[PDB]
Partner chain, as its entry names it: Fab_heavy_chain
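The chain below stands alone and is given in C-alpha cells; this is the form deposited without its partner chain.
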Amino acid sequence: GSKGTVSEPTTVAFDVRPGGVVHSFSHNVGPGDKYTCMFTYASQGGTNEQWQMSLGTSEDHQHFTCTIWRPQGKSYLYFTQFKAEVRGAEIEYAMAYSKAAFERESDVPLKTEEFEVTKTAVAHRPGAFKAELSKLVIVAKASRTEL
C-alpha cells in the first residue's frame, strides 16, 4: 500500500549442454505472463556449464530487463550461433561482453558490428562473431500493438 507495489528481480539457473545441438530457453515473470524472455543458442563442446539468468521489472510495469551471465565470468564453450528474443515489450538497448573483468583486468565488450539488434529479437552477425559469450544485458520497454 504505502510502499506502492514493490517487487524484486527473479533469478533462474539452467544447464548449458554442448554437442552442436540448438537449444531454447524461456522464462515468464509477473501474473498473466506479461513479460517473457527467450534465449536460444548453439554451442560446440563436451563440458556442461551452469548459467545464471535474472529478470527485472519497473514499478509501473513500463520497463523490464533480461540478463544472462557466467558465474566464473568466462565461457569455455565454443559458440556458433545465438539469439535473444523477448515478448510483451520492445528492445531499447542490448549489450554483450566477450570476457568479464578479473580484478585488475578490465571488461571486454562486443562490437556492435559483431551482432544484430532488431525490435523483436537480437541475432549474431556471421563472419564477425569471435565465438565468445560471457554476459548479455537486454533492456526493453513494455508495449503492445493492440491489434
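Positions refer to the first chain, counted from 1.
One more form of this protein exists, namely the form solved in complex with its partner chain; it is left out here, but the text below deals with it.
In the bound PDB entry, no heavy atom of residue 120 sits within 4.5 Å of its partner chain. Its partner chain in the bound PDB entry comes within 4.5 Å of no heavy atom belonging to residue 129. Though the partner is left out of this view, residue 48 does reach within 4.5 Å of its partner chain in the bound PDB entry, counting heavy atoms only. When its partner chain is considered in the bound PDB entry, residue 12 lines it closely, a heavy atom lying within 4.5 Å.
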